[PDB]
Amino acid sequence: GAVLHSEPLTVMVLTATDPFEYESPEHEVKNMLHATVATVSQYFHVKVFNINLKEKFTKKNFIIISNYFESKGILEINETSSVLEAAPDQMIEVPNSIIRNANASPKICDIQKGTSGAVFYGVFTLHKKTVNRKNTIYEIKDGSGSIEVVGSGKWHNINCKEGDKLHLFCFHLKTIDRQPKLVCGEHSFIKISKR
């Protein structure tokens, strides 16, 4: 159950992925990208479903979004949304603290406290990989704990080795055998950093 934001909101683009394939709710494969943006008070993760907007979602661009959606605190832009270039006199002053917050990853111990279905993003070191038959277990670890990431579909058996860093986008928390795990969903994405 998403909510609709009708009013213009000026944001500064912080980061954006390249386009990648995903399956839509109508069971069609299309392209999307993940982005992060900031107002003067807060940063947001954004799912961008209209790939024609990829040039507007460039780092340090100022854009004005309207008729966009929000689910679980994540903003969603689809074809029906409006994304305009901000005029020079429409720029906003984003404190560097917000940008630092946006780039910070959550600690695994805090992911482990999440409610079922909570959504997380971050960059984590791969500690152990178990390639099963229908899915792959990527055990990630930081100084606060360890958690299993369950990858299937596009994220089954990806080309990585223990020690690499995995940048996880839009994974969600699920209890599996009395244990919190991160699992992929419709809009999940992984980026590998070799080490």
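The numbering used is simple: start at 1 and walk along the sequence shown.
Original post:
For the stretches 9-17 and 176-184, which has the higher mean C-alpha B-factor as given in the deposited record?
Top reply: It is 176-184 that shows the higher mean C-alpha B-factor.
Subject >> Higher-scoring stretch by recorded Cα B factor average, 26-34 or 130-138 >> reply: On average, C-alpha B-factors are higher across 130-138.
Original post:
With respect to the C-alpha temperature factors reported in the PDB entry, which of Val46, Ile63, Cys160, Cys170 ranks highest?
Top reply: In this record, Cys160 carries the highest C-alpha B-factor of the candidates.
**OP:** Consider only the C-alpha atoms of the modelled residues in this chain, order them by B-factor as the entry records it, and name the third containing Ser146: lowest, middle or highest.
**Re:** Tercile = middle for this residue's CA B-factor.
**OP:** Going by the recorded CA B-factors, say which third of the chain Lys56 sits in, lowest, middle or highest.
**Re:** For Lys56, whose C-alpha B-factor we compare with every modelled residue in the chain, the answer is the lowest third.
**OP:** Report the third (lowest, middle or highest) to which the CA temperature factor of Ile99 belongs, ranking only the modelled residues of the same chain.
**Re:** Highest third.
**OP:** Would you mind ranking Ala86 by its C-alpha B-factor against the rest of the chain and naming the third, lowest, middle or highest?
**Re:** CA B-factor rank for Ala86: middle third.
Original post:
If you rank the chain by CA B-factor, which third does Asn50 end up in: lowest, middle or highest?
Top reply: It belongs to the highest third of the chain when residues are ordered by C-alpha B-factor.
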